[PDB]
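Novice: As input, take query.cif (mmCIF, N, CA and C atoms):
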```cif
data_input
loop_
_atom_site.group_PDB
_atom_site.id
_atom_site.type_symbol
_atom_site.label_atom_id
_atom_site.label_comp_id
_atom_site.auth_asym_id
_atom_site.auth_seq_id
_atom_site.Cartn_x
_atom_site.Cartn_y
_atom_site.Cartn_z
ATOM 1 N N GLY A 1 -44.901 53.403 -132.536
ATOM 2 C CA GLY A 1 -44.529 52.484 -133.597
ATOM 3 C C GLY A 1 -45.735 51.897 -134.302
ATOM 4 N N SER A 2 -46.424 50.979 -133.631
ATOM 5 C CA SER A 2 -47.599 50.335 -134.203
ATOM 6 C C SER A 2 -48.462 51.346 -134.953
ATOM 7 N N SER A 3 -48.882 52.391 -134.250
ATOM 8 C CA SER A 3 -49.717 53.428 -134.849
ATOM 9 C C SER A 3 -48.881 54.651 -135.218
ATOM 10 N N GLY A 4 -49.512 55.610 -135.889
ATOM 11 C CA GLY A 4 -48.815 56.816 -136.292
ATOM 12 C C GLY A 4 -48.174 56.686 -137.658
ATOM 13 N N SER A 5 -48.960 56.920 -138.704
ATOM 14 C CA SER A 5 -48.463 56.822 -140.071
ATOM 15 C C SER A 5 -48.599 58.157 -140.797
ATOM 16 N N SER A 6 -47.582 58.506 -141.578
ATOM 17 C CA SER A 6 -47.584 59.759 -142.323
ATOM 18 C C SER A 6 -48.803 59.844 -143.238
ATOM 19 N N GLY A 7 -48.933 58.866 -144.130
ATOM 20 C CA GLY A 7 -50.056 58.849 -145.051
ATOM 21 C C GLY A 7 -49.634 59.102 -146.484
ATOM 22 N N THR A 8 -50.030 60.251 -147.022
ATOM 23 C CA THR A 8 -49.691 60.610 -148.393
ATOM 24 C C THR A 8 -48.434 61.473 -148.441
ATOM 25 N N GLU A 9 -47.524 61.134 -149.349
ATOM 26 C CA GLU A 9 -46.279 61.879 -149.497
ATOM 27 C C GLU A 9 -46.159 62.466 -150.900
ATOM 28 N N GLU A 10 -45.324 63.493 -151.036
ATOM 29 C CA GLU A 10 -45.121 64.145 -152.323
ATOM 30 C C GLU A 10 -44.706 63.130 -153.387
ATOM 31 N N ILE A 11 -44.532 63.608 -154.615
ATOM 32 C CA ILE A 11 -44.136 62.745 -155.721
ATOM 33 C C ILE A 11 -42.648 62.420 -155.657
ATOM 34 N N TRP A 12 -42.006 62.819 -154.566
ATOM 35 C CA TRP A 12 -40.581 62.569 -154.382
ATOM 36 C C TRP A 12 -40.338 61.147 -153.889
ATOM 37 N N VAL A 13 -39.100 60.682 -154.024
ATOM 38 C CA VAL A 13 -38.736 59.338 -153.590
ATOM 39 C C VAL A 13 -37.761 59.383 -152.419
ATOM 40 N N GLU A 14 -37.927 58.455 -151.482
ATOM 41 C CA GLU A 14 -37.061 58.390 -150.311
ATOM 42 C C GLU A 14 -35.803 57.580 -150.609
ATOM 43 N N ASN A 15 -34.645 58.199 -150.403
ATOM 44 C CA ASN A 15 -33.370 57.538 -150.651
ATOM 45 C C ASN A 15 -32.330 57.956 -149.616
ATOM 46 N N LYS A 16 -31.150 57.348 -149.692
ATOM 47 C CA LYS A 16 -30.069 57.659 -148.764
ATOM 48 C C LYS A 16 -28.716 57.602 -149.467
ATOM 49 N N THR A 17 -28.016 58.733 -149.483
ATOM 50 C CA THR A 17 -26.707 58.811 -150.122
ATOM 51 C C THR A 17 -25.784 57.707 -149.621
ATOM 52 N N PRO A 18 -24.749 57.394 -150.416
ATOM 53 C CA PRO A 18 -23.773 56.356 -150.073
ATOM 54 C C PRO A 18 -22.880 56.764 -148.906
ATOM 55 N N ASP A 19 -23.190 57.904 -148.301
ATOM 56 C CA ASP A 19 -22.414 58.405 -147.171
ATOM 57 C C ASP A 19 -23.165 58.191 -145.860
ATOM 58 N N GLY A 20 -24.492 58.230 -145.929
ATOM 59 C CA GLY A 20 -25.303 58.040 -144.741
ATOM 60 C C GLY A 20 -26.246 59.202 -144.490
ATOM 61 N N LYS A 21 -26.834 59.726 -145.560
ATOM 62 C CA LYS A 21 -27.762 60.846 -145.452
ATOM 63 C C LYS A 21 -29.007 60.603 -146.298
ATOM 64 N N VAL A 22 -30.172 60.668 -145.660
ATOM 65 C CA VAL A 22 -31.438 60.459 -146.354
ATOM 66 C C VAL A 22 -31.842 61.699 -147.143
ATOM 67 N N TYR A 23 -32.150 61.506 -148.421
ATOM 68 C CA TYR A 23 -32.553 62.608 -149.286
ATOM 69 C C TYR A 23 -33.818 62.258 -150.062
ATOM 70 N N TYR A 24 -34.303 63.212 -150.849
ATOM 71 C CA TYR A 24 -35.508 63.007 -151.645
ATOM 72 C C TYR A 24 -35.248 63.311 -153.117
ATOM 73 N N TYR A 25 -35.712 62.422 -153.989
ATOM 74 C CA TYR A 25 -35.529 62.593 -155.424
ATOM 75 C C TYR A 25 -36.868 62.813 -156.123
ATOM 76 N N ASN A 26 -36.952 63.891 -156.897
ATOM 77 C CA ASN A 26 -38.177 64.217 -157.620
ATOM 78 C C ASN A 26 -38.222 63.496 -158.965
ATOM 79 N N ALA A 27 -39.358 62.871 -159.256
ATOM 80 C CA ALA A 27 -39.532 62.149 -160.510
ATOM 81 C C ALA A 27 -39.980 63.086 -161.627
ATOM 82 N N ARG A 28 -40.354 64.306 -161.255
ATOM 83 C CA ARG A 28 -40.804 65.296 -162.225
ATOM 84 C C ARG A 28 -39.628 66.105 -162.762
ATOM 85 N N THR A 29 -38.755 66.540 -161.860
ATOM 86 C CA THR A 29 -37.587 67.327 -162.242
ATOM 87 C C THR A 29 -36.336 66.458 -162.302
ATOM 88 N N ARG A 30 -36.410 65.278 -161.695
ATOM 89 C CA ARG A 30 -35.282 64.355 -161.679
ATOM 90 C C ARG A 30 -34.095 64.961 -160.935
ATOM 91 N N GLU A 31 -34.383 65.681 -159.856
ATOM 92 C CA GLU A 31 -33.339 66.315 -159.060
ATOM 93 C C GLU A 31 -33.225 65.654 -157.688
ATOM 94 N N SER A 32 -32.214 66.060 -156.925
ATOM 95 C CA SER A 32 -31.991 65.504 -155.596
ATOM 96 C C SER A 32 -31.922 66.613 -154.549
ATOM 97 N N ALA A 33 -32.741 66.488 -153.511
ATOM 98 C CA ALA A 33 -32.771 67.478 -152.440
ATOM 99 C C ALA A 33 -33.101 66.826 -151.101
ATOM 100 N N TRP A 34 -32.280 67.108 -150.095
ATOM 101 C CA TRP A 34 -32.485 66.547 -148.764
ATOM 102 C C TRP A 34 -33.962 66.559 -148.390
ATOM 103 N N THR A 35 -34.557 67.748 -148.377
ATOM 104 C CA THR A 35 -35.966 67.895 -148.036
ATOM 105 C C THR A 35 -36.801 68.210 -149.270
ATOM 106 N N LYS A 36 -38.107 67.992 -149.167
ATOM 107 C CA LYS A 36 -39.019 68.255 -150.275
ATOM 108 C C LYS A 36 -39.617 69.653 -150.168
ATOM 109 N N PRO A 37 -39.801 70.310 -151.324
ATOM 110 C CA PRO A 37 -40.368 71.661 -151.384
ATOM 111 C C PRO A 37 -41.850 71.683 -151.023
ATOM 112 N N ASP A 38 -42.354 72.868 -150.696
ATOM 113 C CA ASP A 38 -43.757 73.026 -150.331
ATOM 114 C C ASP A 38 -44.532 73.731 -151.441
ATOM 115 N N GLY A 39 -45.853 73.586 -151.417
ATOM 116 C CA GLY A 39 -46.686 74.213 -152.428
ATOM 117 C C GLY A 39 -46.618 73.498 -153.762
ATOM 118 N N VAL A 40 -46.648 72.169 -153.722
ATOM 119 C CA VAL A 40 -46.588 71.366 -154.937
ATOM 120 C C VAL A 40 -47.979 70.910 -155.364
#
```
Taking this structure as input, can you express it in the form of structure tokens?
Specialist:
Amino acid sequence: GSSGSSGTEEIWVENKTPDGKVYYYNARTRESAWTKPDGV
């Protein structure tokens, strides 16, 4: 807990659907995807 931080994250945003599922929203494409793509 105290230690162990991710650090830098993609340009995506962390959110959670109104059902109870965490997803990621891209500010570049303005899309919604559970996980974030690689090679960005």
Novice: Mind pulling up the distance from atom N of residue 10 of chain A to atom C of residue 28 of chain A?
Specialist: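 About the pair atom C of residue 28 of chain A and atom N of residue 10 of chain A: they are 13.3 Å apart.
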Novice: Kindly resolve the PyMOL selection byres ((chain A and resi 26) around 8) on the present coordinates and return the residues as a VMD selection string.
Specialist: chain A and resid 10 to 14 23 to 25 27 to 33
Novice: I'd like to know which of A:8, A:22, A:17, A:3 is closest to residue 35 of chain A, using only C-alpha atoms.
Specialist: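 For residue 35 of chain A, the nearest of the given residues is A:22.
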Novice: Using DSSP assignments from the backbone, pull out every residue in chain A that falls under strand (DSSP E or B) and give it to me as a PyMOL selection string.
Specialist: chain A and resi 12-16+22-26+32-33
